[PDB]
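Novice:
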Amino acid sequence: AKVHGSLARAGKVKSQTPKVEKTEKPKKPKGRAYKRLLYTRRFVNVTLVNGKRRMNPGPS
Amino acid sequence: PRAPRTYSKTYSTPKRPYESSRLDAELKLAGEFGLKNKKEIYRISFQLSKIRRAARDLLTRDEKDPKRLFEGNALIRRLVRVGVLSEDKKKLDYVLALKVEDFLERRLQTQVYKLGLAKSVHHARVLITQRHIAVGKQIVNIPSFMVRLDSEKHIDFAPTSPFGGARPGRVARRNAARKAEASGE
Amino acid sequence: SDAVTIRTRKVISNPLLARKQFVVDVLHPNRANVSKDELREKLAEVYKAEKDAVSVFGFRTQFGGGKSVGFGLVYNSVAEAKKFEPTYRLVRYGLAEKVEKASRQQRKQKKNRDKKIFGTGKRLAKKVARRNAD
Amino acid sequence: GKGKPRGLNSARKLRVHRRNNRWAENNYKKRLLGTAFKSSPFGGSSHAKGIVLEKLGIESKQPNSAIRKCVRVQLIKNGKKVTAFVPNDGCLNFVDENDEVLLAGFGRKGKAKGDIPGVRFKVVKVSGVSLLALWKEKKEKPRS
RNA sequence: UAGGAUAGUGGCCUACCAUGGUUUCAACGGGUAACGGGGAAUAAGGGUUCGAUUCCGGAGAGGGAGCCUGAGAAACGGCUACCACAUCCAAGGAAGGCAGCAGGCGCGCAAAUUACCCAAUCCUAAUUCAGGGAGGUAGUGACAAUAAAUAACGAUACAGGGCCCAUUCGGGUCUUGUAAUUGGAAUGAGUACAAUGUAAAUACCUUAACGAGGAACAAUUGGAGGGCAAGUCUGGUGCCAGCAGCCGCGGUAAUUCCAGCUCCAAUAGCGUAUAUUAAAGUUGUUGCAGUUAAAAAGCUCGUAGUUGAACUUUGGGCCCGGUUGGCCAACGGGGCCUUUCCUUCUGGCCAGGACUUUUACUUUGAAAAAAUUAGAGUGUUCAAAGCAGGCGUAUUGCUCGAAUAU
Numbered sequence: 002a003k004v005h006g007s008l009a010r011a012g013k014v015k016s017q018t019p020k021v022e023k024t025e026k027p028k029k030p031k032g033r034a035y036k037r038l039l040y041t042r043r044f045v046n047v048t049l050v051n052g053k054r055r056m057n058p059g060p061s
Numbered sequence: 002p003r004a005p006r007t008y009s010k011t012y013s014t015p016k017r018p019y020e021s022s023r024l025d026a027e028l029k030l031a032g033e034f035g036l037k038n039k040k041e042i043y044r045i046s047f048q049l050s051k052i053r054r055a056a057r058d059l060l061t062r063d064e065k066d067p068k069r070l071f072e073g074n075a076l077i078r079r080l081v082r083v084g085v086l087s088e089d090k091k092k093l094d095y096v097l098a099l100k101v102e103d104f105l106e107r108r109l110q111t112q113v114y115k116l117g118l119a120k121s122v123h124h125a126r127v128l129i130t131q132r133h134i135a136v137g138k139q140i141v142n143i144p145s146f147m148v149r150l151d152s153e154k155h156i157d158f159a160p161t162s163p164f165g166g167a168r169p170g171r172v173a174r175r176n177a178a179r180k181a182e183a184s185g186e
Numbered sequence: 002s003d004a005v006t007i008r009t010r011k012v013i014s015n016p017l018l019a020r021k022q023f024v025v026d027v028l029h030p031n032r033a034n035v036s037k038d039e040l041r042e043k044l045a046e047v048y049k050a051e052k053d054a055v056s057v058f059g060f061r062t063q064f065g066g067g068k069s070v071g072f073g074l075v076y077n078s079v080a081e082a083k084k085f086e087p088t089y090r091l092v093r094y095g096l097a098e099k100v101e102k103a104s105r106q107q108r109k110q111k112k113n114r115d116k117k118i119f120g121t122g123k124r125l126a127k128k129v130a131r132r133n134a135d
Numbered sequence: 002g003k004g005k006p007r008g009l010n011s012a013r014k015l016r017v018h019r020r021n022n023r024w025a026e027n028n029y030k031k032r033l034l035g036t037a038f039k040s041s042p043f044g045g046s047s048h049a050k051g052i053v054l055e056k057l058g059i060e061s062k063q064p065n066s067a068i069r070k071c072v073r074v075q076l077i078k079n080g081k082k083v084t085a086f087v088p089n090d091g092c093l094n095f096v097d098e099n100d101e102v103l104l105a106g107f108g109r110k111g112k113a114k115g116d117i118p119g120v121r122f123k124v125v126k127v128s129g130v131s132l133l134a135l136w137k138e139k140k141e142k143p144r145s
């Protein structure tokens, strides 16, 4: 029922975020090879068995 | 005003998109058999579902129904011929068995890994798709070729396309022509 | 180019079209895709029947290569090959000149312009030549 | 038998009875009363193109205290005025008055979506140049 | 009833006469963002939604109407008139019909070339030849559907994990991998001789000569609180901006916003909107609920509707043909006899007569358009497909198919 909220602060956080750049990284393969890259990463040499398995831990 | 050209979907994505058990079981298949997609497993699951529903449709009849005898013997011989169905297990209650790994074992990729000749399922996949191995004299570059019984004794390299003779190959040709340039004339 | 092979399969004698007709299976190992001229030469010196009465077509090579299957005809004369073949193959072999005309729609437009003229039209041509005095 | 006839000659009672009781379904009612073609500010279509009149700031009721940036749009095929949300951090700097936008629904099939009172639609394309690509800076809004 | 009309039946029309005809088993009217069907989507069974659109049937050529010609039209790439548009004009007159092909304007969320050609499929004609925007070819085409590149294998190196052994140094070989050093092989993406393809080409299938080392020839789309696979990492913001299908985040240490890194899911695809199907036993015949959650009429009578007790040749005995499975039982079948019409005569299941309770149910079969679905065979390289194809004396030829089911 309120229809005239002020539009001044629009785009605030997007425009005042600090711009950083993407880091140049080596290319991860695509397709079949990438699934192979996942496969050893999960089943063959599964590294952290802290409790069970963590696909993305922090700085633990 | 023509005749229509028919087609069909050959796969069916599962109903729950994220089950940890199914993702683990399908990455295990994709790593043991060297696949690209999960669609390369969903296609095999589609084949199993159609074969298996047809088998149930025959099992619900009585024995010595002529449709049961004809379609059962036909489906059994088609499953035996590609080596999916074993030789002792030949009676239509064994095609209701017969998991996905039995079809995923008989592809040209895995059979090229087994019969020497490839030393890896990834090397087998790349060997197949790079205009190597032939079955008859026919070069096949389809890693889901699904070899038969009477053709698995014919998987070998091409009469063209080196590792079968017939030329060195362009990186070997260039490395020779740069070996034949600096040292000599 | 290794002594390659010709094979003629499925041969039917057609005395009512005055020809032999067959499938041509060509093994050409270590050679891409032989020719049509050279296949006509190597069939004319097998059927002993004068290459301008030998026709070949079809001929897509196998996947992987080394083999190509097409169709062939051998007529009882060049005089009957000039009466039972289509004109495009008789152009291909050099046995009829490629009779060029104008385009499709240029012929259609010329037909439509002739449809508006009744008679030979030379009376109309001289009558509109007479128009230039008013 | 508890509530329904069962005898073999009683299919007319069953037909007319289920045909009467189907009207309590919301979907069947709105599909056989033609709500889509008369009500529901589109034509029952999926997207619709319209022209921005003014920019609104709609206050989110109850929770999520914020000003959702919306626009008031007059549809071309109807002339119906319609409030439409302009989704992302920014993007009211990309819509301007008297442009043309393409509205889509919110995936709630009516029923103004989140904490927004009355706004049933979102803006997809302004001036033909696709607000997602305008907000990811891979496309440039035209001159006029 | 009689006449007219018609190609012909007929209230089709006319004259005279009669008062009938339909309807709660839904007539009649209304709506249809309704052409009908074969079919399509959805996959327990039952269903539910869709079918403008490749085939069949119908209808229309701007809206109506009228008609000529002909075997056939109420024809519109024929005519006539009226209405609505709309074009040329020397102002008098003339000509019109893209819901054919291409194209344009408009409309809208929404859809291609003013291209080549009769070579194939077939049609037309006085016809072997001519013609065919039917049709085919190509341009555009992420509407859908098929297949499946974006790398593979080493060795060395520190580090393991195994273990022969451990009194106590470590590695050496069976190697799984983390390696910012390295190594030669392999391929098509492209380009291109030629040949093939083709009516002529383009593309495909072949193939010389080029064409892989990271600056490539570099994979994206959506997400990381739960649902729901995947962070409590870092910087920014501070109920602002914004996110969020739902529940919920944001008010200074935000796992949810804006970014970086990492990870996840699908992948040449992925997201969003709307509609529909499953989910949904939330439409319930299968198969819902009705004391209190929504819902037993206040009560009885009562018509159509739906439903409606039991009873009439049961049993026993003989014989014959089988079809599975190990002389044998079982499974069904048929003829006799047990107080037991078989519709009945005529002269050979025929064929003249005389008549006979009627349905519902069910088995079997016919007659059943293709395509689509199901399905048999077949190595389109696989596959979607297609209906092919396979074999020899491959210098003169043999043959299986193109089932079946619903």
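Chains as they are written, first to last, in the authors' numbering: chain Bf, 2 to 61; chain BK, 2 to 186; chain BZ, 2 to 135; chain BY, 2 to 145. Yeah, the Cβ is synthetic: ideal placement off N, Cα and C, and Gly gets one too.
By the three-class DSSP mapping on this structure, what secondary structure does residue 59 of chain BZ have?
Specialist: Taking the third sequence and counting its residues from 1, one reaches residue 59 of chain BZ at position 58. Secondary structure at residue 59 of chain BZ: strand, using DSSP grouped into helix, strand and coil.
Novice: Span of the alpha helix (DSSP H) holding residue 20 of chain BY?
Specialist: Taking the fourth sequence and counting its residues from 1, one reaches residue 20 of chain BY at position 19. Looking at the DSSP string, the run of the alpha helix (DSSP H) that includes residue 20 of chain BY is 12-22.
Novice: Are the C-beta of residue 32 of chain Bf and some C-beta of chain BY separated by less than 8 Å?
Specialist: By 1-based counting over the first sequence, the position of residue 32 of chain Bf is 31. No, its Cβ sits nowhere closer than 8 Å to a Cβ of chain BY.
Novice: Could you pull out every residue in the same chain whose Cβ sits closer than 7 Å to the Cβ of residue 122 of chain BK, ignoring the five residues on either side in sequence?
Specialist: Position 121 of the second sequence, counting from 1, holds the residue named residue 122 of chain BK. These residues qualify, in order along the chain: 34, 35, 110, 111, 114.
Novice: State the CB to CB distance for the pair residue 71 of chain BZ and residue 58 of chain BZ, rounded to an integer number of angstroms; the pair is presumed to be in contact (CB under 8 Å).
Specialist: Counting from 1 along the third sequence, the entry for residue 71 of chain BZ is found at position 70. Counting from 1 along the third sequence, the entry for residue 58 of chain BZ is found at position 57. Contact holds; Cβ gap of about 6 Å.
Novice: Just checking my contact of residue 91 of chain BY with residue 136 of chain BY at CB under 8 Å: how many whole Å lie between their CB atoms?
Specialist: Counting from 1 along the fourth sequence, the entry for residue 91 of chain BY is found at position 90. Counting from 1 along the fourth sequence, the entry for residue 136 of chain BY is found at position 135. At roughly 6 Å, the Cβ-Cβ gap stays under 8 Å, so residue 91 of chain BY and residue 136 of chain BY are in contact.
Novice: Rounding to the nearest angstrom, what Cα-Cα distance links residue 100 of chain BK and residue 49 of chain BK in this structure?
Specialist: Locating residue 100 of chain BK in the second sequence gives position 99, where the first residue counts as 1. Locating residue 49 of chain BK in the second sequence gives position 48, where the first residue counts as 1. The alpha-carbon atoms of residue 100 of chain BK and residue 49 of chain BK are separated by roughly 8 Å.
Novice: Okay, do the stretch 4-11 of chain Bf and the stretch 66-85 of chain BY touch, 3+ Cβ pairs below 8 Å being the bar?
Specialist: yes
Novice: Are the stretch 75-91 of chain BK and the stretch 147-159 of chain BK touching by the rule of at least three beta carbon pairs closer than 8 Å?
Specialist: yes
Novice: Going by CA-CA distance only, name the one from BK:57, BK:138, BK:172 that's closest to residue 161 of chain BK.
Specialist: Locating residue 161 of chain BK in the second sequence gives position 160, where the first residue counts as 1. Ranking the options by Cα distance to residue 161 of chain BK, first place goes to BK:138.
Novice: Would you say residue 15 of chain Bf faces chain BY, with C-beta separation under 8 Å as the test?
Specialist: As a first step, residue 15 of chain Bf must be located in the first sequence, where it is residue number 14. Yes - at least one Cβ of chain BY is within 8 Å of the one on residue 15 of chain Bf.
Novice: Flag this pair as yes or no: are the beta carbons of residue 12 of chain BK and residue 53 of chain BK separated by less than 8 Å?
Specialist: Here residue 12 of chain BK refers to the residue found at position 11 when the second sequence is read from its first residue. Here residue 53 of chain BK refers to the residue found at position 52 when the second sequence is read from its first residue. In terms of Cβ geometry, residue 12 of chain BK and residue 53 of chain BK do not form a close pair [threshold 8 Å].
Novice: Using DSSP with H/G/I as helix, E/B as strand and the rest coil, what is residue 111 of chain BK?
Specialist: Here the question's residue 111 of chain BK lines up with position 110 in the second sequence. DSSP places residue 111 of chain BK in helix when its eight states are reduced to three.
Novice: Have a look at residue 31 of chain BY and residue 27 of chain Bf and give me their C-alpha separation to the nearest angstrom.
Specialist: By 1-based counting over the fourth sequence, the position of residue 31 of chain BY is 30. By 1-based counting over the first sequence, the position of residue 27 of chain Bf is 26. Between residue 31 of chain BY and residue 27 of chain Bf, the C-alpha separation is close to 55 Å.
Novice: So with Cβ pairs under 8 Å, would you call residue 59 of chain BZ a contact of chain BK?
Specialist: Locating residue 59 of chain BZ in the third sequence gives position 58, counting from the first residue. Residue 59 of chain BZ does not count as touching chain BK.
Novice: What in chain Bf is Cβ-close to residue 126 of chain BK, meaning under 8 Å?
Specialist: Your numbering for residue 126 of chain BK matches position 125 in the second sequence. What residue 126 of chain BK touches in chain Bf: 33.
Novice: What residue range does the beta strand (DSSP E) around residue 75 of chain BY cover?
Specialist: The residue labelled residue 75 of chain BY in the question sits at position 74 within the fourth sequence. Its beta strand (DSSP E) spans residues 68-76.
Novice: Identify, in the order they occur along the chain, each residue of the same chain with its Cβ nearer than 7 Å to the Cβ of residue 93 of chain BY, setting aside the five sequence neighbours on each side.
Specialist: By 1-based counting over the fourth sequence, the position of residue 93 of chain BY is 92. Cβ neighbours of residue 93 of chain BY beyond the five flanking positions: 56, 70, 87.
Novice: Closer than 8 Å, CB to CB, is residue 55 of chain Bf near chain BK or not?
Specialist: Position 54 of the first sequence, counted from the start, is the residue given in the question as residue 55 of chain Bf. The beta-carbon of residue 55 of chain Bf is placed no less than 8 Å from the nearest beta-carbon of chain BK.
Novice: Let me know the beta strand (DSSP E) ranges lying completely inside the stretch 39-109 of chain BZ, each 3 residues or longer, listed in chain order.
Specialist: 55-62, 68-76
Novice: Looking only at its own chain, which residues have a Cβ that is under 6 Å from the Cβ of residue 55 of chain BZ, when we skip the five neighbours before and after it?
Specialist: The residue you call residue 55 of chain BZ lines up with position 54 of the third sequence. Once the five neighbours on either side are set aside, the close Cβ partners of residue 55 of chain BZ are 41, 44, 45, 75.
Novice: By the 10 Å Cβ neighbour count, where 16 or more other Cβ atoms means buried, how is residue 14 of chain BK classified, buried or exposed?
Specialist: Within the second sequence, the letter at position 13 stands for residue 14 of chain BK. Its Cβ having fewer than 16 others within 10 Å, residue 14 of chain BK is exposed.
Novice: Under 8 Å, Cβ to Cβ, is there at least one residue of chain BZ near residue 130 of chain BK?
Specialist: As a position in the second sequence, residue 130 of chain BK is number 129, starting the count at 1. Answer no: the Cβ-Cβ gap between residue 130 of chain BK and chain BZ never drops below 8 Å.
Novice: Considering just the uninterrupted stretch of the beta strand (DSSP E) at residue 1 of chain BZ, what are its terminal residues?
Specialist: The first residue shown for chain BZ is 2 and the last is 135, placing residue 1 of chain BZ beyond what the model contains.
Novice: So, residue 104 of chain BY versus residue 127 of chain BY, is the Cβ gap smaller than 8 Å?
Specialist: Residue numbering aside, residue 104 of chain BY sits at position 103 when the fourth sequence is read from its first letter. Residue numbering aside, residue 127 of chain BY sits at position 126 when the fourth sequence is read from its first letter. No, the Cβ-Cβ distance between residue 104 of chain BY and residue 127 of chain BY is not below 8 Å.
Novice: Should residue 97 of chain BY be labelled buried (16 or more other beta-carbon atoms within 10 Å of its own) or exposed?
Specialist: Here the question's residue 97 of chain BY lines up with position 96 in the fourth sequence. Residue 97 of chain BY is exposed by the Cβ-count criterion.
Novice: Could you have a look at residue 149 of chain BK and say whether DSSP puts it in helix, strand or coil?
Specialist: Counting from one through the second sequence, the residue named residue 149 of chain BK turns up at place 148. Residue state, collapsed to three classes: coil.
Novice: Evaluate residue 118 of chain BZ with the Cβ neighbour count: other Cβ atoms within 10 Å of its Cβ, from every protein chain shown; 16 or more gives buried, anything less gives exposed.
Specialist: The count along the third sequence starts at 1 and reaches residue 118 of chain BZ at position 117. Per the 10 Å Cβ criterion, exposed.
Novice: Considering only C-alpha positions, which residue in the set BZ:134, BZ:20, BZ:28, BZ:63 is nearest to residue 82 of chain BZ?
Specialist: Here residue 82 of chain BZ corresponds to residue number 81 of the third sequence, with the count starting at 1. Closest by alpha carbon: BZ:20.
Novice: Mind checking whether residue 155 of chain BK and residue 172 of chain BK have CB atoms under 8 Å apart?
Specialist: Here the question's residue 155 of chain BK lines up with position 154 in the second sequence. Here the question's residue 172 of chain BK lines up with position 171 in the second sequence. Their beta carbons are not under 8 Å apart, which means residue 155 of chain BK does not touch residue 172 of chain BK by this criterion.
Novice: Using the Cβ count rule (16 or more neighbours within 10 Å means buried), how would you classify residue 100 of chain BY?
Specialist: As a working note, residue 100 of chain BY is residue 99 in the fourth sequence. The residue in question, residue 100 of chain BY, is buried, as its Cβ has 16 or more Cβ neighbours within 10 Å.
Novice: Check the C-beta distance from residue 3 of chain Bf over to residue 60 of chain BY and give it rounded, since I have them as a contact under 8 Å.
Specialist: One-based indexing of the first sequence puts residue 3 of chain Bf at position 2. One-based indexing of the fourth sequence puts residue 60 of chain BY at position 59. The Cβ separation is near 4 Å, so the contact holds.
Novice: Compare the Cα-Cα distances from residue 25 of chain BZ to each of BZ:50, BZ:14, BZ:68 and report the closest residue.
Specialist: If you number the third sequence from 1, residue 25 of chain BZ lands on position 24. When only C-alpha atoms are compared, the closest one is BZ:68.
Novice: Using a Cβ-Cβ distance under 8 Å, would residue 85 of chain BZ count as near chain BK?
Specialist: If you number the third sequence from 1, residue 85 of chain BZ lands on position 84. Output row for residue 85 of chain BZ: interface = no.
Novice: Determine which residues share a DSSP beta bridge with residue 51 of chain BY and list them.
Specialist: For this step, residue 51 of chain BY is matched to residue 50 along the fourth sequence. Bridge partners of residue 51 of chain BY: BY:76, BY:102.
Novice: Got a sec, what are the start and stop residues for the beta strand (DSSP E) residue 9 of chain BZ sits in?
Specialist: One-based indexing of the third sequence puts residue 9 of chain BZ at position 8. Annotation for residue 9 of chain BZ: the continuous beta strand (DSSP E) segment containing it runs 8-15.
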